[PDB]
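S.K.: Input structure: run-v5.tsv, which contains TSV, C-alpha atoms.
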chain	number	residue	atom	x	y	z
A	52	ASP	CA	2.87	-19.82	10.81
A	53	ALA	CA	0.33	-21.89	8.84
A	54	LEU	CA	3.08	-23.84	7.11
A	55	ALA	CA	0.57	-25.75	4.95
A	56	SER	CA	3.17	-28.34	3.97
A	57	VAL	CA	0.94	-30.68	1.96
A	58	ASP	CA	3.56	-32.51	-0.11
A	59	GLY	CA	2.01	-35.43	-1.96
A	60	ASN	CA	4.30	-36.08	-4.93
A	61	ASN	CA	6.90	-33.53	-6.06
A	62	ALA	CA	8.99	-34.22	-9.17
A	63	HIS	CA	9.81	-31.16	-11.28
A	64	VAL	CA	11.77	-30.47	-14.47
A	65	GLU	CA	13.67	-27.52	-15.98
A	66	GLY	CA	10.61	-26.36	-17.89
A	67	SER	CA	11.50	-22.67	-18.23
A	68	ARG	CA	11.11	-21.19	-14.75
A	69	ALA	CA	7.73	-22.53	-13.64
A	70	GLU	CA	5.56	-19.51	-12.82
A	71	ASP	CA	2.52	-21.03	-11.08
A	72	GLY	CA	4.14	-21.29	-7.66
A	73	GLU	CA	2.25	-20.94	-4.38
A	74	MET	CA	2.38	-18.88	-1.19
A	75	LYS	CA	0.53	-18.91	2.13
A	76	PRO	CA	0.21	-15.83	4.37
A	77	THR	CA	0.41	-15.73	8.16
A	78	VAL	CA	-2.93	-16.18	9.90
A	79	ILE	CA	-3.92	-14.04	12.88
A	80	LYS	CA	-5.51	-14.92	16.21
A	81	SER	CA	-6.87	-12.20	18.49
A	82	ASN	CA	-8.73	-12.77	21.75
A	83	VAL	CA	-10.65	-10.36	24.02
A	84	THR	CA	-10.41	-9.31	27.66
A	85	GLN	CA	-13.34	-9.69	30.04
A	86	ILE	CA	-14.32	-7.29	32.82
A	87	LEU	CA	-15.26	-8.84	36.16
A	88	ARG	CA	-17.48	-7.07	38.67
A	89	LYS	CA	-18.42	-8.18	42.20
A	90	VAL	CA	-20.71	-5.85	44.15
A	91	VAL	CA	-21.28	-5.63	47.91
A	92	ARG	CA	-24.54	-4.72	49.66
A	93	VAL	CA	-24.44	-3.76	53.35
A	94	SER	CA	-26.64	-1.50	55.47
A	95	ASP	CA	-25.83	0.38	58.66
A	96	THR	CA	-28.77	-1.42	60.29
A	97	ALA	CA	-26.46	-4.45	60.59
A	98	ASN	CA	-22.98	-3.02	59.94
A	99	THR	CA	-22.70	-1.79	63.54
A	100	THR	CA	-24.11	-4.90	65.24
A	101	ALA	CA	-21.34	-7.08	66.66
B	303	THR	CA	38.01	-6.10	-45.09
B	304	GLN	CA	35.53	-7.09	-42.38
B	305	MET	CA	34.52	-4.26	-40.03
B	306	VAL	CA	33.65	-5.97	-36.74
B	307	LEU	CA	31.67	-4.11	-34.09
B	308	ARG	CA	30.56	-6.51	-31.33
B	309	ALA	CA	33.46	-8.94	-30.75
B	310	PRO	CA	31.34	-11.82	-29.32
B	311	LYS	CA	31.76	-12.21	-25.55
B	312	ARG	CA	30.38	-14.22	-22.63
B	313	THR	CA	26.72	-13.22	-22.97
B	314	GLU	CA	24.01	-14.62	-20.69
B	315	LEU	CA	20.23	-14.21	-20.61
B	316	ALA	CA	17.28	-14.79	-18.29
B	317	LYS	CA	16.44	-18.20	-16.83
B	318	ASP	CA	12.76	-18.27	-15.79
B	319	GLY	CA	13.38	-21.86	-14.76
B	320	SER	CA	16.12	-24.43	-14.24
B	321	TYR	CA	17.61	-24.08	-17.72
B	322	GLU	CA	20.37	-21.64	-18.70
B	323	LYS	CA	19.74	-19.85	-22.01
B	324	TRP	CA	22.77	-18.41	-23.80
B	325	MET	CA	23.37	-16.40	-26.95
B	326	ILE	CA	26.22	-15.21	-29.16
B	327	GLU	CA	25.81	-12.00	-31.17
B	328	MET	CA	27.98	-10.36	-33.81
B	329	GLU	CA	27.83	-7.23	-35.99
B	330	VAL	CA	29.91	-7.36	-39.17
B	331	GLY	CA	30.22	-5.32	-42.34
B	332	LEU	CA	32.10	-5.59	-45.62
B	333	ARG	CA	34.53	-3.01	-46.98
B	334	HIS	CA	36.13	-2.72	-50.42
B	335	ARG	CA	38.90	-0.21	-51.06
B	336	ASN	CA	37.82	0.51	-54.64
B	337	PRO	CA	34.88	-1.11	-56.48
B	338	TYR	CA	36.75	-1.12	-59.80
B	339	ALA	CA	39.62	-3.16	-58.31
B	340	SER	CA	38.22	-6.71	-58.29
B	341	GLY	CA	35.90	-8.31	-60.83
B	342	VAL	CA	33.07	-10.80	-61.18
B	343	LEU	CA	31.64	-12.99	-63.93
B	344	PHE	CA	28.01	-14.05	-64.16
B	345	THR	CA	27.05	-17.21	-66.04
B	346	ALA	CA	24.06	-16.87	-68.37
B	347	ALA	CA	22.97	-17.19	-72.00
B	348	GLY	CA	22.75	-14.57	-74.72
Just dump the structure as structure tokens.
M.R.:
Amino acid sequence: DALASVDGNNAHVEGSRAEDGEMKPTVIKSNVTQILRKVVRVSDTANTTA
Amino acid sequence: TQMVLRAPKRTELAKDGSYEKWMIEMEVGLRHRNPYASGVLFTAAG
């Protein structure tokens, strides 16, 4: 949202449709996805031995 | 006679703020049936 609600002191008048104004956009947050990898190493020299 | 054209009405305008600007317009014209009917005097010397 990024409300950005800094208030301070606010006391306005009817001074002909104040034009300055202010506006904050919506900020974005984007993560990433990691790739895991676990390898196995086994040889028949020991794969058959009980 | 007075030829009227606008007939002032409830006219509003922009705001651009908290105030409320208003106006009243009117379009009017004079008419005389015959110029040689009435008369006028003009004060001066000589």
S.K.: Using all atoms listed in the file for the distances, tell me which of A:64, A:59, A:52, A:90 is nearest to residue 77 (chain A).
M.R.: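 Closest to residue 77 (chain A), using all atoms listed in the file: A:52.
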S.K.: If the cut-off is 6 Å, can you tell me the residues of chain A near chain B, counting only C-alpha atoms? I'd like them as a PyMOL selection string.
M.R.: chain A and resi 65+67-69
S.K.: Output C-alpha atoms for every residue in the selection just made, as a PDB file, keeping the file's coordinate frame.
M.R.:
ATOM      1  CA  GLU A  65      13.670 -27.520 -15.980  1.00  0.00           C
ATOM      2  CA  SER A  67      11.500 -22.670 -18.230  1.00  0.00           C
ATOM      3  CA  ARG A  68      11.110 -21.190 -14.750  1.00  0.00           C
ATOM      4  CA  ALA A  69       7.730 -22.530 -13.640  1.00  0.00           C
TER       5      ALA A  69
END
S.K.: Could you check which of A:94, A:61, A:99, A:56 is closest to residue 75 (chain A), using only C-alpha atoms?
M.R.: A:56
S.K.: Identify the residues within 6 Å of coordinate (27.1, -15.6, -26.6) (same frame as the file), considering all atoms listed in the file, and give the answer as an NGL selection string.
M.R.: :B and (311-313 or 324-327)
S.K.: Quick check, in Å to one decimal: how far apart do CA of residue 58 (chain A) and CA of residue 71 (chain A) lie?
M.R.: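 Answer for the CA of residue 58 (chain A) to CA of residue 71 (chain A) separation: 15.9 Å.
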S.K.: Measure the distance from CA of residue 76 (chain A) to CA of residue 57 (chain A) in Å and round it to one decimal.
M.R.: 15.1 Å
S.K.: Report, in Å with one decimal, the straight-line distance from CA of residue 74 (chain A) to CA of residue 62 (chain A).
M.R.: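 One can read the CA of residue 74 (chain A) to CA of residue 62 (chain A) distance as 18.5 Å.
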S.K.: Extending 3 Å beyond the listed atoms of region 83-92 of chain A on each side, what axis-aligned box results? I want centre and edge lengths in Å to one decimal, as AutoDock Vina command-line options.
M.R.:
--center_x -17.5 --center_y -7.5 --center_z 36.8 --size_x 20.1 --size_y 11.6 --size_z 31.6
S.K.: Would you kindly return, as a list in words, each protein, DNA or RNA residue with an atom no farther than 7 Å from any atom of residue 304 (chain B), considering only C-alpha atoms and excluding same-chain residues fewer than 4 positions away?
M.R.: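 The residues that qualify are residues 330, 331, 332 and 333 of chain B.
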